[PDB]
Amino acid sequence: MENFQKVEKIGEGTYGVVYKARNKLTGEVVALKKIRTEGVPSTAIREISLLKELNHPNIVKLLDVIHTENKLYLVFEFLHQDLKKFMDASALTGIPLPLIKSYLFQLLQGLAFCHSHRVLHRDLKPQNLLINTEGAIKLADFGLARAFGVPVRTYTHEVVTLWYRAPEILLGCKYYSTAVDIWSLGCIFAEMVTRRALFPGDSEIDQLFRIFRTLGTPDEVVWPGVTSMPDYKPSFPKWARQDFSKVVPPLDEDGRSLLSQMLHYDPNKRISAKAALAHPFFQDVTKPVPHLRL
Ligand SMILES: CCC[C@@H]1CCc2[nH]nc(C(=O)NN)c2C1
């Protein structure tokens, strides 16, 4: 880009480098993502361009999409910190429950919105949840997975995390439903509460087996059709399901109930974002402000 003074390199995304930049004309500060190449499928460009109309307060705004000289630039609204960095910074004391609740509530609203427009994220993780000083949290990179797919390694060869991946994806499902995002958010909810990743898998089978060890090896009883999935193996070990009281202490029964519904094995049974917003857990939701040192 020629009309963008690039303040700094913010990070490295799944698809490309991210810079903090200042638009010389509007003076606005944005997050500029630079992506890759055999001409780049125009099918992706159309899909991505449609995201410019997917506007919501809990969705990072996509300001522009520019395809030029073998590169694809995505211009996004800028937020000062991501949830991964905030959780690390809050590791010693933990994120207060009221803020955890507020963040989950807002993330579900963002999901409810995109899902109602038939757009899935598919690769939700702390790294793409951005926060500001106002107490808001927004989902970034929504819709990019439908356009580019989720690779095994990023453009820098970094391993794309499997920690938040729904079991139906790990088992080979061809079609992803909105339920995949609810699963990822549930894993993130648990991580905020316990200050440790729920299922820190370091391979696809380790990821699947960690899920099984906590939630029990799935069977036709809890997940009709699971034994017919592409990568299901009758030889998977059979682990017993653990009590959520042991999984996310010391979260209260309302939060444990909601998390259990977000982590149902059967995608068709997993709670929707819309239904989750009405869960008793959010009865006393508020909008606290985090302490951010920028
Ligand atoms: C998930 C990585 C891509 C995001 C796109 C939107 C976005 N907005 N701000 C940032 C940022 O990193 N600020 N420190 C990002 C990064």
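Its PDB header names X-ray crystallography as the technique used to obtain the model and reports a resolution of 1.80 Å.

Draft legend 1. Main features of the overall build of the protein chain. A count of helices and strands for the protein chain gives ten helices and eight strands. Compactness check: the protein chain gives a C-alpha radius of gyration of 19 Å against a globular reference of 19 Å for 294 residues, within 12% of the reference. Relative to its full complement of 294 residues, the protein chain shows a buried share of 52%. Total accessible area on the protein chain stands at roughly 14600 Å², and carbon and sulfur atoms take up 51% of it. Side-chain charges of the protein chain comprise 37 positive and 31 negative groups, with the mean position of each set lying 2 Å from the other.

Draft legend 2. A look at the UniProt feature "binding site: Mg(2+)" in the protein chain. Annotation from UniProt places "binding site: Mg(2+)" at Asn-128 and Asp-141. Within the secondary structure, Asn-128 sits in the loop between α3 (97-116) and β7 (129-131). Excluding its chain neighbours within four sequence positions, the residues that come into contact with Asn-128 are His-121, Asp-123, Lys-138, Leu-139 and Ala-140. A distance of 3.4 Å separates a polar atom in the side chain of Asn-128 from a polar atom in the side chain of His-121.

Draft legend 3. Here's a closer look at helix α6 (residues 179-194). For α6, built from 16 residues, the straight-helix expectation of 22 Å at 1.5 Å per residue is met to within 8% by its first-to-last C-alpha distance of 23 Å. Within α6, 15 of the 16 residues are buried, which leaves it mostly tucked inside the rest of the structure. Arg-195 sits one or two residues past α6 and shows a positive phi near 65 degrees.

Draft legend 4. Main features of the UniProt feature "active site" in the protein chain. Cross-referencing UniProt, the feature "active site" maps to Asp-123 in the present numbering. Here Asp-123 shows up in the loop between α3 and β7. Residue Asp-123 is classed as buried on the basis of its relative accessible area, which comes to 11%. Apart from the residues lying within four places of it in its own chain, the contact partners of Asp-123 are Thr-14, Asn-128, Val-150, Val-160 and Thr-161.

Parameters and conventions
- Residues numbered from 1 in each chain as written, not as in the entry; some residues may be left out.
- Heavy atoms only, no water.
- Helix = DSSP H or I, 4+ residues; strand = E, 2+ residues; numbered from the N terminus.
- Rg over C-alpha atoms; globule rule 2.2 N^0.38 Å.
- Buried < 20%, exposed > 50% of the residue type's maximum accessible area, 1.4 Å probe, protein only.
- Areas by Shrake-Rupley, 256 points an atom, 1.4 Å probe, with all protein chains shown as cover.
- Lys, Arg positive; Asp, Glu negative; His and termini not counted.
- Charge placed at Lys NZ, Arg CZ, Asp CG, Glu CD.
- UniProt positions renumbered as here; feature names shortened; annotations may be inferred.
- Contact = heavy atoms within 4.5 Å.
- Polar contact = N/O pair within 3.5 Å; in protein donor to acceptor, adjacent residues only side chain to side chain.
- Expected span 1.5 Å × (residues − 1).

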